[PDB]
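Heads up, the thing below is written out as structure tokens.
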Amino acid sequence: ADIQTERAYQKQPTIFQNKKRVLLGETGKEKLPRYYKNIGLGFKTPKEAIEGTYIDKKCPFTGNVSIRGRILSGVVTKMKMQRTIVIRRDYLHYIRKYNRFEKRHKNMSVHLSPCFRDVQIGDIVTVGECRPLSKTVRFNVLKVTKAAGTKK
Amino acid sequence: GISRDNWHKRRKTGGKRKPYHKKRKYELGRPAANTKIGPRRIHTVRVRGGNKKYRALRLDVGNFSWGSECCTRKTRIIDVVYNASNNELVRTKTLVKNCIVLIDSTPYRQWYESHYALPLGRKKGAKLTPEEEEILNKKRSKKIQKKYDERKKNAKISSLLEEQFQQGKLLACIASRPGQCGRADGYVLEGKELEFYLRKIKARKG
Amino acid sequence: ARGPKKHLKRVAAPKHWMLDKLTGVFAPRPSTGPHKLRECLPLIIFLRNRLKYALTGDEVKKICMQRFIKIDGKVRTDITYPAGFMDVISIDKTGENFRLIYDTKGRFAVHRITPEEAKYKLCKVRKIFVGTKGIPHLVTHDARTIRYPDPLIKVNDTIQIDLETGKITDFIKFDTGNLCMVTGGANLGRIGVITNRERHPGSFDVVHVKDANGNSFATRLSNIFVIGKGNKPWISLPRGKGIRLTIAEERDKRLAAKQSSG
RNA sequence: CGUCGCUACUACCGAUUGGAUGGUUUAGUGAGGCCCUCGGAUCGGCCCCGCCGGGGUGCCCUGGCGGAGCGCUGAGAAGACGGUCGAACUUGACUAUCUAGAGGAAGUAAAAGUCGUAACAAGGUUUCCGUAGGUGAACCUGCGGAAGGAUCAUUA
RNA sequence: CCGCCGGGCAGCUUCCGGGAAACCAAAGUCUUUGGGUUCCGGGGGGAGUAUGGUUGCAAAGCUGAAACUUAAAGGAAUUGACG
RNA sequence: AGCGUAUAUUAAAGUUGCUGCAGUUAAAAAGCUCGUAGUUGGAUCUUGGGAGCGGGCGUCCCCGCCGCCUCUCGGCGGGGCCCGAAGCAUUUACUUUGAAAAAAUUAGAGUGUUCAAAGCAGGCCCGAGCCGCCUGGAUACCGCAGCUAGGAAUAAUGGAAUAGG
RNA sequence: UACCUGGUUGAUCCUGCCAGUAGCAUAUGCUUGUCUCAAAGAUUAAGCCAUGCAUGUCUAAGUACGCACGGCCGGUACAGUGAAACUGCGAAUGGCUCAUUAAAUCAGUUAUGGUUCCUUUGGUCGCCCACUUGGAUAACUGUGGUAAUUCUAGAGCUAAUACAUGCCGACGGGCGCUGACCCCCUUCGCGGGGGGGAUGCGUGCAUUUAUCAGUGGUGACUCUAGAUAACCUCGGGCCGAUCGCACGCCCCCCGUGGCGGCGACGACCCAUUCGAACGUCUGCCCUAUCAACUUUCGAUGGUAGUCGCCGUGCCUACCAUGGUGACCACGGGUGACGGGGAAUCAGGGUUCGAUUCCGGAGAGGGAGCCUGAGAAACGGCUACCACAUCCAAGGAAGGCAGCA
RNA sequence: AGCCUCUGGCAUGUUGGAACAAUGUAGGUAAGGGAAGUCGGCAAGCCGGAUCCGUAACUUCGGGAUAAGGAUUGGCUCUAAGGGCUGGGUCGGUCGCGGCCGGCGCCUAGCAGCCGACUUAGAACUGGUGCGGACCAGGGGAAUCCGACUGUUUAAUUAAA
Ligand SMILES: [Mg+2]
Ligand SMILES: [Mg+2]
Ligand SMILES: [Mg+2]
Ligand SMILES: [Mg+2]
Ligand SMILES: [Mg+2]
Ligand SMILES: [Mg+2]
Ligand SMILES: [Mg+2]
Ligand SMILES: [Mg+2]
Ligand SMILES: [Mg+2]
Ligand SMILES: [Mg+2]
Ligand SMILES: [Mg+2]
Ligand SMILES: [Mg+2]
Ligand SMILES: [Mg+2]
Ligand SMILES: [Mg+2]
Ligand SMILES: [Mg+2]
Ligand SMILES: [Mg+2]
Ligand SMILES: [Mg+2]
Ligand SMILES: [Mg+2]
Ligand SMILES: [Mg+2]
Ligand SMILES: [Mg+2]
Ligand SMILES: [Mg+2]
Ligand SMILES: [Mg+2]
Ligand SMILES: [Mg+2]
Ligand SMILES: [Mg+2]
Ligand SMILES: [Mg+2]
Ligand SMILES: [Mg+2]
Ligand SMILES: [Mg+2]
């Protein structure tokens, strides 16, 4: 179920999985030893990364990507793609003439690892600059905080 | 020629980028290898850096391995099975990274039959009786008998492999780039791997 | 561009081979070397521009191809071979041998040293390597690698390299309390003991530095190259000793030396 | 103030599937290069013999002169099948820009022609808006408005 | 009838203070310049025209240019002078 | 020794008005109303006070203090001591200090170019016997965004209520 | 220097404009004694171009046997100047111009842990021809064509650091697994323990694949390093084991064997330097008489691929059905190469910045190409298109946006 | 629809034989040109099916409209894509492979086997560019006049306005 769905076999490389000629059922209890990493900057590699049965190469909590540069935040506006969302960064660009500001935004597509469950729209989300991961997407979601506004 | 550039295609929004420069030696694309199975044929290519690149166009053999047993005899690649990308590359027998391929079992057989000294497939007593016991029947004993009785239970194989060795062909998957590298290197499909790809093959043919 | 650029316009030329707007179009361009183009002194500038030893470029050509000039005791015939922080430049038929320490304003001195003190030399370290078969490598700021270093040498520390041998001889880890000349930016060729550094992950790290008189500049780490255990620089310093006098003070102190001096 | 009269200049409308350049490109065709598959002018080398000479143990190692299998790898040009970028050419589409035009209708000039006299004084008919309808021209008349009036009132 | 109170329609009066002026409890708080915000004008005509778009069954509605020409057109109040 | 006209453009233009125009009549406020974006949005939350040093027995100006938490984390057989980590500055906006900011240009240190535009040298020591000394090539700005560190005045923004620290 | 004056009206106060004013920016009108600085075919036509030139190179150290000249002197190959020719570099910088280009150039900022790098620096280099083996062309010599070119026909020679080839080395010596086996202790013997092993196969710095363990290094390894199994990108990995000029030596020792300095090219691992490249964040002119755009002709994403230098809808296949928008997209325009600055200027702006400094682009226009580290290179070529020269009519040579 | 065939029906539509003249009536085809043809393009041919692409002026906002204008189409070998039907209550007990009870299971993401029509898309290969190959089968455009459209009409010369 669930994991091997696509066509080619999806597997964490740097775990070779088989060797077994001993008792204690078949395979281990974890069964597959799961490659995960700590990322850095203190963000807790979340539970569902380590627990998770799942597999996405582009997740930093379970695969090959390096986070390495510019850390930002935005808000989640659309989750209609698969393993990617759109965030929307708001601001004041300043004119000097007119000694005031105007609101702006540059929405930004961004990888969203499915470890990182129960996200919604109107959701504060922090992102790391990553490898240029798809055509638009250079950023990867690191800590969703769902915070400002509404409810647990 | 056949470039590789962000320079031409639309922007995120859908506006059309104008050009900028000409194509530069840079965003350079060569045509494909789409390497086959025949007697070896590889052309070099001169690339960026200086440096070179071993584009295989005919390729017969691979340096490609057990996972578990921890060996890798060099072996003939007999035939392509399915390739997840696309279903011309199967038919045309085009080896590319993550092709599933049949290969010769023979060089893997012939070091159990050294090491743990227990057969594969099943036979009456034609090859087995003259040659296995020619590998067995000791006149050293003591140290060795202890040794490949310490090579214990776990001279063992999964049924799924055990099967294939009857046939003298193993399922394996390419992990090098024949077009980039120059070789058709890989692992043996072993255990979990080995079970879609059969079930893919089975479901595919019907 | 197509290839790499083998040329340098005067003006674009950094602020310190100290060149003037007239006299030419081009500046000399460091031939590639150990030191980065922007933090150099192409030999040529010593000779005609700093010492007034030669006059022109051809005068310098005729110097270095007698083979008098020895940049760290190894003879250079390239008029544009780049020197930079912590070099030697022995003349030998003269017995002068200078360094290349920068002044308090950051503009490479004409600071003469002994015949001794042309052996010891300093070098900051850029990385530990672990090369192959566990043979460990340094990378000095002057692009020496030195195999087989003492395992307690870490990154950003300095080495008291010999010269005729290469090699290393004793060394200074980068703690608090030791002595720093600054090799980048603004507080440049300014000298003082550390105090405290501010580790940041990602963006490179800040280093607070106190000096003799008690003036705290800070810097990015990658500009600080150290020079002693603490209030004891192993090298001779330039007159001024990277203290840096406010234009106000400098003005008056220069002018106050004047009149009383006779 | 307007029609009307004459003269001059702008842009307008305008029958003419009006003309010209540019940019996209739908469709076709498609130079040359680049890749792939062949090819094989040829050129060797390896070799196999005939005969001969020098050195070695009939045989071998070298040498000389001839011949032939052109055996089997290498190099290898001209060429040809395919594929890919693709100028170019041909026909459509769009949009941009720019202009040719019989004849028609404004404005302006502008500024002194004729016929009136619309407006400003209660402008002789308070004036004006919108709408409508009319009329040689200002115009006129309905209806509803407006006072920017010609009444801040009409005398319980 | 006589008061008060809220919010309505209004009146007079005044050297607040405004206001080119006529006037204005507000058009007051403005070189002592900014409480919030919407619309919208930049000499007069050409012109609310041409063209384009759109709505309308259509009158028409809405959006809405330029070349050209033009020196004032205009507003408030003053004396005139003619009704 | 220049001086004229040709026109683009700036002040002049309080005639494009952010600062900073105007809308009874002068050109001008939709016929009226609803209303999504945008802009804009009352008040309300640590203080008075303490302890000292310093100006003018006490009173009145002037300064370092009473960021909290942690010590779950380092260590400068049981330790402390507190820095190393993080709760993190609710989450910013704001402000101040760093660092980084190519030169030329600019602002502007230094300088008998004979002055000046300039130039960056020059100055000196010297009767040259010195067979040579001495100093420069200053500095400030460098928007916004980005990076760092103080402050918490105001503006948002957050947290416990079908229970939770 | 915070700024005004003329003009509507019998006269007034306004709105408002016209007209003055100064600088700056470009025309040319006239005049011109000295001297110092000093811009210059950008706007129109990145239109066209006569001609003249703008990119060659030798130390002692890659070949040199031109008879060129000497030498100084030979016979021994050299000797020493040395015209040519092969070879290695460069020619990838500079110079010019701004046609295009509106988040595109570009600034600042960051990334490369999603990469390549000639050169310089530092390093590192021992597995029967090495007392170097083979072979082949240019100059050179001769015989040739064509009308003509920076056109070659063809016969002899002859070099190499050009092109191939491939050896001593190292230790029948050492260490991985295999091991003909063997010995001793223990055991009734099986078995348990201690040993020791001829002979095989391996006998690596790089390569690719596979696996295993966890000296040093980061906020950030799926890194470096280490262990095992393999292969050979194989001629087209490397070194592995490369060639000149100075010629100077010592030998428990006589002529061999050891040694000395310089260079040149290698190179592999590597560092480094000039970079180059592709990414992050944030930054632009006008326009709605442009409101929806984008999507089987990749639009956004996932998966798997091919290609490249690398991550990447760079491309293919199969899936999903996305992404942007009045915080004004999308569409159109520019008398738009982008910055750094300029003249203006009470404070705030306004326009200009083709302008020497930085960044980009293009050599009539496009495309493709060789070659190269490095170029899609125009002082290369290949066509086409677009231009244009000589002609013996068969053919040939054309690119000033190098300087004149 | 056309065209070829079984069942069923005929025997060429009131005669035959021999040639292949002119005129005819039915069919065909033409180099180069291409309406010059006549009163006039009178007849015929161009077009023609499907799939894909694509689409004007004008409007009664339905249409126009198969507008216009393009591409493809064979045979062969493949691939891909479209559905039905049945099956777990297994473990224990007990009763006769069957039932009943009770318990666990509970594919509730289904998976397994067994059936059977058809289509559609894409890819090779392949043939002297042939492929809607027999037949079926809209020539198009720009205008004016009339009549709103459907229909009807002078049976034996007018179908129109
Ligand atoms: Mg302002
Ligand atoms: Mg009026
Ligand atoms: Mg008002
Ligand atoms: Mg105001
Ligand atoms: Mg006007
Ligand atoms: Mg102005
Ligand atoms: Mg002003
Ligand atoms: Mg005004
Ligand atoms: Mg109103
Ligand atoms: Mg004045
Ligand atoms: Mg008058
Ligand atoms: Mg004026
Ligand atoms: Mg250049
Ligand atoms: Mg680098
Ligand atoms: Mg134009
Ligand atoms: Mg030209
Ligand atoms: Mg170019
Ligand atoms: Mg070109
Ligand atoms: Mg040229
Ligand atoms: Mg008949
Ligand atoms: Mg009949
Ligand atoms: Mg005909
Ligand atoms: Mg006719
Ligand atoms: Mg007909
Ligand atoms: Mg029609
Ligand atoms: Mg009809
Ligand atoms: Mg009839």
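Ligands are numbered from 1 in the order shown, chains are lettered A, B, ... in the order of the structure tokens, and residues start at 1 in each chain.
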Around ligand 19, which protein and nucleic acid residues have at least one atom no more than 7 Å from it, if we count only C-alpha atoms (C1' of nucleotides) and all ligand atoms? List them as a ChimeraX atom specification.
/G:379,400,402
Dump N, CA and C atoms (P, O5', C5', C4', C3', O3' and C1' of nucleotides) for the selected residues as a PDB file, in the first residue's frame?
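That gives us selection_2.pdb:
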```pdb
ATOM      1  P     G G 379      36.928  39.770 -36.011  1.00  0.00           P
ATOM      2  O5'   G G 379      37.939  39.014 -36.996  1.00  0.00           O
ATOM      3  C5'   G G 379      37.806  39.005 -38.447  1.00  0.00           C
ATOM      4  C4'   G G 379      39.128  39.269 -39.159  1.00  0.00           C
ATOM      5  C3'   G G 379      40.282  38.298 -38.911  1.00  0.00           C
ATOM      6  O3'   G G 379      40.407  37.216 -39.826  1.00  0.00           O
ATOM      7  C1'   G G 379      41.045  40.507 -38.623  1.00  0.00           C
ATOM      8  P     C G 400      35.037  44.466 -41.955  1.00  0.00           P
ATOM      9  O5'   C G 400      33.854  45.177 -41.159  1.00  0.00           O
ATOM     10  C5'   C G 400      33.372  46.492 -41.507  1.00  0.00           C
ATOM     11  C4'   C G 400      34.059  47.540 -40.653  1.00  0.00           C
ATOM     12  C3'   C G 400      33.534  48.974 -40.745  1.00  0.00           C
ATOM     13  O3'   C G 400      32.486  49.195 -39.805  1.00  0.00           O
ATOM     14  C1'   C G 400      35.874  48.951 -41.076  1.00  0.00           C
ATOM     15  P     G G 402      34.680  48.132 -36.096  1.00  0.00           P
ATOM     16  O5'   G G 402      35.932  48.668 -35.261  1.00  0.00           O
ATOM     17  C5'   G G 402      37.251  48.526 -35.828  1.00  0.00           C
ATOM     18  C4'   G G 402      38.343  48.505 -34.778  1.00  0.00           C
ATOM     19  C3'   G G 402      39.386  49.599 -34.940  1.00  0.00           C
ATOM     20  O3'   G G 402      39.194  50.614 -33.959  1.00  0.00           O
ATOM     21  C1'   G G 402      40.361  47.465 -35.427  1.00  0.00           C
TER      22        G G 402
END
```
Quick one: everything within 9 Å of range 200-202 of chain G, counting only C-alpha atoms (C1' of nucleotides), minus sequence neighbours fewer than 4 positions away in the same chain. Send it as a PDB file with N, CA, C and O atoms (P, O5', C5', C4', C3', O3' and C1' of nucleotides), in the first residue's frame.
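Result file is around.pdb:
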```
ATOM      1  P     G G 176      48.106  -8.814   5.472  1.00  0.00           P
ATOM      2  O5'   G G 176      47.185  -8.813   4.165  1.00  0.00           O
ATOM      3  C5'   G G 176      46.354  -9.957   3.841  1.00  0.00           C
ATOM      4  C4'   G G 176      45.183  -9.579   2.948  1.00  0.00           C
ATOM      5  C3'   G G 176      44.120 -10.667   2.784  1.00  0.00           C
ATOM      6  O3'   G G 176      42.984 -10.398   3.606  1.00  0.00           O
ATOM      7  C1'   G G 176      44.996 -10.061   0.649  1.00  0.00           C
ATOM      8  P     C G 177      42.558 -11.390   4.798  1.00  0.00           P
ATOM      9  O5'   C G 177      41.346 -12.214   4.170  1.00  0.00           O
ATOM     10  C5'   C G 177      41.478 -13.583   3.725  1.00  0.00           C
ATOM     11  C4'   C G 177      40.896 -13.740   2.337  1.00  0.00           C
ATOM     12  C3'   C G 177      40.688 -15.175   1.870  1.00  0.00           C
ATOM     13  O3'   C G 177      39.371 -15.624   2.216  1.00  0.00           O
ATOM     14  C1'   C G 177      41.966 -13.974   0.246  1.00  0.00           C
ATOM     15  P     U G 178      39.074 -17.183   2.525  1.00  0.00           P
ATOM     16  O5'   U G 178      39.431 -17.900   1.150  1.00  0.00           O
ATOM     17  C5'   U G 178      40.632 -18.671   1.009  1.00  0.00           C
ATOM     18  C4'   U G 178      40.701 -19.236  -0.383  1.00  0.00           C
ATOM     19  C3'   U G 178      41.136 -20.688  -0.466  1.00  0.00           C
ATOM     20  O3'   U G 178      40.040 -21.573  -0.231  1.00  0.00           O
ATOM     21  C1'   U G 178      42.442 -19.394  -1.958  1.00  0.00           C
ATOM     22  P     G G 179      40.254 -22.926   0.611  1.00  0.00           P
ATOM     23  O5'   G G 179      41.289 -23.736  -0.293  1.00  0.00           O
ATOM     24  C5'   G G 179      42.319 -24.572   0.279  1.00  0.00           C
ATOM     25  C4'   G G 179      43.615 -24.445  -0.491  1.00  0.00           C
ATOM     26  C3'   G G 179      44.824 -25.120   0.155  1.00  0.00           C
ATOM     27  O3'   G G 179      45.086 -26.505  -0.108  1.00  0.00           O
ATOM     28  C1'   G G 179      45.350 -22.868  -0.374  1.00  0.00           C
TER      29        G G 179
END
```
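The spacing separating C1' of residue 62 in chain E from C1' of residue 49 in chain E amounts to 16.2 Å.
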Contacts with ligand 9 at most 9 Å, only C-alpha atoms (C1' of nucleotides) and all ligand atoms counted, listed as a PyMOL selection string: chain F and resi 29-32
### Query
range 176-182 of chain C: which residues within 12 Å, counting only C-alpha atoms (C1' of nucleotides), same-chain residues fewer than 6 positions away excluded, as a ChimeraX atom specification?
/C:85-86,101-106,122,124,156-158,188-198,207-212,217-235,237-238,241-243 /F:76
Exercise for the section: Around ligand 20, at most 12 Å away and counting only C-alpha atoms (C1' of nucleotides) and all ligand atoms, which residues are there? Put them as a list in words, please. Expected result: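 Written in the requested form, the residues are residues 11, 12 and 13 of chain H.
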Considering only C-alpha atoms (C1' of nucleotides), state which residue in the set C:14, C:82, C:4, C:73 is at the smallest distance from chain F.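 Among the listed residues, C:14 lies closest to chain F.
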Please provide the set of residues having any atom within 12 Å of residue 30 in chain A, restricted to only C-alpha atoms (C1' of nucleotides), with same-chain residues fewer than 2 positions apart removed, written as a compact mmCIF listing (two decimals) with N, CA and C atoms, in the first residue's frame.
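Output file result-v2.txt follows:
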```txt
# COMPACT_ATOMS: atom_id res chain seq x y z
N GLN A 17 18.69 -2.83 1.55
CA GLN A 17 17.79 -3.66 2.37
C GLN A 17 17.55 -5.08 1.84
N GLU A 26 10.30 -12.24 10.16
CA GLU A 26 11.09 -11.92 8.96
C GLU A 26 11.41 -10.42 9.00
N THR A 27 12.60 -10.06 8.51
CA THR A 27 13.24 -8.73 8.68
C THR A 27 13.23 -8.20 10.15
N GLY A 28 13.59 -6.93 10.35
CA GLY A 28 13.56 -6.32 11.68
C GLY A 28 12.14 -5.97 12.12
N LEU A 32 12.56 -1.73 7.45
CA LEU A 32 13.48 -0.95 6.66
C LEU A 32 14.13 0.00 7.63
N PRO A 33 15.47 -0.01 7.70
CA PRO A 33 16.12 1.06 8.43
C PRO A 33 16.04 2.31 7.56
N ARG A 34 15.52 3.40 8.12
CA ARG A 34 15.19 4.59 7.32
C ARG A 34 16.32 5.61 7.38
N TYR A 35 16.81 6.03 6.21
CA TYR A 35 17.75 7.15 6.14
C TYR A 35 16.98 8.43 6.30
N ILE A 50 11.06 10.67 10.57
CA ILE A 50 11.81 9.53 11.10
C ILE A 50 10.91 8.30 11.20
N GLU A 51 9.74 8.51 11.79
CA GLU A 51 8.69 7.51 11.81
C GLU A 51 8.36 7.06 10.39
N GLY A 52 8.11 8.03 9.52
CA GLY A 52 7.42 7.83 8.23
C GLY A 52 7.85 6.67 7.36
N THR A 53 6.87 6.04 6.72
CA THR A 53 7.10 4.97 5.74
C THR A 53 7.54 5.52 4.39
```
Can you work out which residues are within 7 Å of ligand 16, considering only C-alpha atoms (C1' of nucleotides) and all ligand atoms, and then hand them over as number ranges by chain?
G: 46, 364, 401
Requested in this report: Dump the neighbourhood of ligand 7 as JSON, numbers by chain: all residues within 9 Å, distances computed on only C-alpha atoms (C1' of nucleotides) and all ligand atoms.
Outcome: {"F": [11, 12, 13, 14], "G": [2, 346]}
Residue subset to file, keeping C-alpha atoms (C1' of nucleotides), as a PDB file, in the first residue's frame:
```pdb
ATOM      1  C1'   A F  11      14.366  76.426 -12.183  1.00  0.00           C
ATOM      2  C1'   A F  12      11.506  79.564 -12.636  1.00  0.00           C
ATOM      3  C1'   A F  13       6.045  75.847 -11.898  1.00  0.00           C
ATOM      4  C1'   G F  14       2.449  77.450  -4.787  1.00  0.00           C
TER       5        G F  14
ATOM      6  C1'   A G   2      13.964  80.541  -1.144  1.00  0.00           C
ATOM      7  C1'   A G 346      15.852  77.013  -0.607  1.00  0.00           C
TER       8        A G 346
END
```
Can you write out as a Markdown table which residues of chain E fall within 10 Å of ligand 4, alongside each residue's closest atom pair and its distance in Å to one decimal, counting only C-alpha atoms (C1' of nucleotides) and all ligand atoms and ordering rows by chain and ascending residue number?
```
| residue | atom | partner | partner_atom_place_in_ligand_line | distance |
| --- | --- | --- | --- | --- |
| E:30 | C1' | ligand 4 | 1 (Mg) | 5.7 |
| E:31 | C1' | ligand 4 | 1 (Mg) | 9.5 |
| E:33 | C1' | ligand 4 | 1 (Mg) | 5.0 |
| E:34 | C1' | ligand 4 | 1 (Mg) | 6.8 |
```
Counting only C-alpha atoms (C1' of nucleotides) and all ligand atoms, what residues are within 12 Å of ligand 15, given as a VMD selection string?
-> (chain D and resid 21 to 22 96 to 98) or (chain G and resid 333 to 336)
Residues contacting ligand 3 - anything with an atom at most 10 Å away, using only C-alpha atoms (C1' of nucleotides) and all ligand atoms - can you give me those as a list in words?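 Protein and nucleic-acid residues within 10 Å of ligand 3: residues 19 and 27 of chain E; 22, 23 and 24 of chain F.
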(request) Please identify which residues in range 165-217 of chain C DSSP calls strand (DSSP E or B) from the backbone, and express them as a ChimeraX atom specification. (result) /C:171-172,179-182,191-198,206-210,217
Just N, CA and C atoms for this one: save the residues we selected as a JSON list (two decimals), in the first residue's frame.
```json
[["chain", "number", "residue", "atom", "x", "y", "z"],
["C", 171, "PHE", "N", 53.06, 27.14, 16.72],
["C", 171, "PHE", "CA", 51.82, 27.78, 16.29],
["C", 171, "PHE", "C", 50.75, 28.22, 17.26],
["C", 172, "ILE", "N", 49.85, 29.04, 16.71],
["C", 172, "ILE", "CA", 48.94, 29.87, 17.44],
["C", 172, "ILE", "C", 47.55, 29.49, 17.05],
["C", 179, "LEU", "N", 46.69, 38.04, 19.45],
["C", 179, "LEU", "CA", 46.89, 39.28, 18.70],
["C", 179, "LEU", "C", 46.50, 39.13, 17.21],
["C", 180, "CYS", "N", 45.71, 40.07, 16.67],
["C", 180, "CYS", "CA", 45.19, 40.04, 15.26],
["C", 180, "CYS", "C", 45.48, 41.27, 14.41],
["C", 181, "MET", "N", 46.12, 41.07, 13.27],
["C", 181, "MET", "CA", 46.06, 42.06, 12.20],
["C", 181, "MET", "C", 44.89, 41.67, 11.33],
["C", 182, "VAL", "N", 44.27, 42.67, 10.72],
["C", 182, "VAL", "CA", 43.08, 42.45, 9.93],
["C", 182, "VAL", "C", 43.42, 42.61, 8.47],
["C", 191, "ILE", "N", 45.37, 46.51, 14.18],
["C", 191, "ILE", "CA", 45.90, 45.44, 15.00],
["C", 191, "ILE", "C", 45.35, 45.54, 16.41],
["C", 192, "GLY", "N", 45.06, 44.39, 17.01],
["C", 192, "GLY", "CA", 44.61, 44.32, 18.40],
["C", 192, "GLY", "C", 44.31, 42.90, 18.86],
["C", 193, "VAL", "N", 44.17, 42.72, 20.17],
["C", 193, "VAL", "CA", 43.79, 41.42, 20.73],
["C", 193, "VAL", "C", 42.31, 41.19, 20.50],
["C", 194, "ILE", "N", 41.87, 39.95, 20.59],
["C", 194, "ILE", "CA", 40.50, 39.64, 20.18],
["C", 194, "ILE", "C", 39.48, 40.20, 21.18],
["C", 195, "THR", "N", 39.16, 39.45, 22.23],
["C", 195, "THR", "CA", 38.00, 39.72, 23.09],
["C", 195, "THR", "C", 37.05, 38.56, 22.91],
["C", 196, "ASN", "N", 36.35, 38.56, 21.79],
["C", 196, "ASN", "CA", 35.25, 37.65, 21.59],
["C", 196, "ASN", "C", 34.81, 37.62, 20.13],
["C", 197, "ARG", "N", 34.52, 36.42, 19.66],
["C", 197, "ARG", "CA", 34.00, 36.18, 18.32],
["C", 197, "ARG", "C", 32.55, 35.70, 18.44],
["C", 198, "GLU", "N", 31.74, 36.01, 17.43],
["C", 198, "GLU", "CA", 30.32, 35.69, 17.42],
["C", 198, "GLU", "C", 30.02, 34.64, 16.37],
["C", 206, "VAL", "N", 31.50, 36.94, 13.03],
["C", 206, "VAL", "CA", 32.00, 38.25, 13.37],
["C", 206, "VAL", "C", 33.02, 38.13, 14.49],
["C", 207, "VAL", "N", 34.02, 39.00, 14.48],
["C", 207, "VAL", "CA", 35.08, 38.97, 15.48],
["C", 207, "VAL", "C", 35.36, 40.35, 16.05],
["C", 208, "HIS", "N", 35.09, 40.51, 17.35],
["C", 208, "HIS", "CA", 35.30, 41.78, 18.05],
["C", 208, "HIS", "C", 36.73, 41.87, 18.49],
["C", 209, "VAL", "N", 37.35, 43.02, 18.26],
["C", 209, "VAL", "CA", 38.78, 43.18, 18.47],
["C", 209, "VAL", "C", 39.06, 44.48, 19.21],
["C", 210, "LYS", "N", 39.84, 44.36, 20.28],
["C", 210, "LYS", "CA", 40.22, 45.46, 21.15],
["C", 210, "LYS", "C", 41.66, 45.77, 20.79],
["C", 217, "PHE", "N", 36.81, 47.85, 17.02],
["C", 217, "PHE", "CA", 36.24, 47.59, 15.68],
["C", 217, "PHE", "C", 35.78, 46.12, 15.79]]
```
